[PDB]
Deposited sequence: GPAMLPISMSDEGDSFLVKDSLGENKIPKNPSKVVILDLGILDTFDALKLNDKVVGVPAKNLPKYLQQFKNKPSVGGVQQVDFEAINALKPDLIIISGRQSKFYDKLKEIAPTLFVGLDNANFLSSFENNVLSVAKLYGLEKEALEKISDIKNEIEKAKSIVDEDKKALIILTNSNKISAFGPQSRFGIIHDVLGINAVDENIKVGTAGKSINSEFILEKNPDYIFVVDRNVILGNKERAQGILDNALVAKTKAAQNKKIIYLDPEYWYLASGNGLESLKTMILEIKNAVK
């Protein structure tokens, strides 16, 4: 299990420990640079927009356009360190995609990691939300919102068919990769309890390289597609063949194209963006 964030209250600051290291973080930080999209959504949800001074305003998705005029500190993959320094922030918040930049960010300002543990997604989301809330004294508000998401999960689980199985795939122009439980797409299996056609896909970010023959072999009842092409080529075209057509998922129009701006960008730290993803699965399978 990923080490959670722990915090001790030291008057006008917190001593904070997470999996990447220790930071003294001021109470009520007023100049926050956020590189994790999900936790930026959580700042919205907690009414903290005015604390934010920098975002990755290159890739910003549709649901985060209230931040489109904030100073940009980069994109989905690149970080602009000159920019972050010029903002003179009091806190930087990052998740897994940015752990590679930890030491250089921490030379600028305290750097808080809000990682999502693929083996323990809900506990890490809750810990990430509540920890940001504690910086601002908003535990009450955050616990209410976390309750709302737990309720949503229970409504979603309650309609899942125990006998049906799903496959998760990531598509490229000319390649399909499969993902399973405890992957970065895993909440479909792990949180919502939809069974997988293959619970033994090996752990790792590249997933398992597959073909349409594999898909027909597994004969999923649902196929969840995350289309990285979102190129001319789309997942609909990769899957437009007589092997896939034969599957229960094809025949029942349960090939589901999930919005990559949520799944691929892994916005699970968002109080609203997680909800959106929960409902997107629910609605696909009810």
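Gaps between the deposited sequence and the modelled structure occur at positions 1-2, 233-235.
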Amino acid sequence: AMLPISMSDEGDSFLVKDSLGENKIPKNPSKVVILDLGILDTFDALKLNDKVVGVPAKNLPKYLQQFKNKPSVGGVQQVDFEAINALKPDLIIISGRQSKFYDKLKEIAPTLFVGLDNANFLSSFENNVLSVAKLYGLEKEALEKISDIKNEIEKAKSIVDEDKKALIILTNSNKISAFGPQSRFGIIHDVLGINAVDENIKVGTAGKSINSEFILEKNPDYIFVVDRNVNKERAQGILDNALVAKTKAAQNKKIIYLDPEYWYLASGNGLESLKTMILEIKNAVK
From here on, numbers count along this sequence of modelled residues.
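Taking only CA atoms, the mean B-factor in the PDB entry is higher for 249-257 than for the other of 37-45 and 249-257. The stretch with the higher mean CA B factor, choosing between 28-36 and 52-60, is 52-60. Comparing the listed residues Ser124, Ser131, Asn211, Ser72, the entry records the largest Cα B-factor for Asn211. Across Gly115, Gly137, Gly204, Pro89, the entry's maximum B-factor at the CA atom is seen for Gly204. Per the PDB record, residue ranking by Cα B-factor puts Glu272 in the lowest third of the chain.
Sort the chain's modelled residues by C-alpha temperature factor and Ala235 lands in the highest third, per the entry. Ranked against the other modelled residues of its chain, the C-alpha B-factor of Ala266 as given in the entry falls in the highest third. Among all modelled residues in this chain, the alpha-carbon of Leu3 has a temperature factor (C-alpha) in the highest third.
In this PDB entry, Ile93 carries a Cα temperature factor that places it within the lowest third of its chain's modelled residues.
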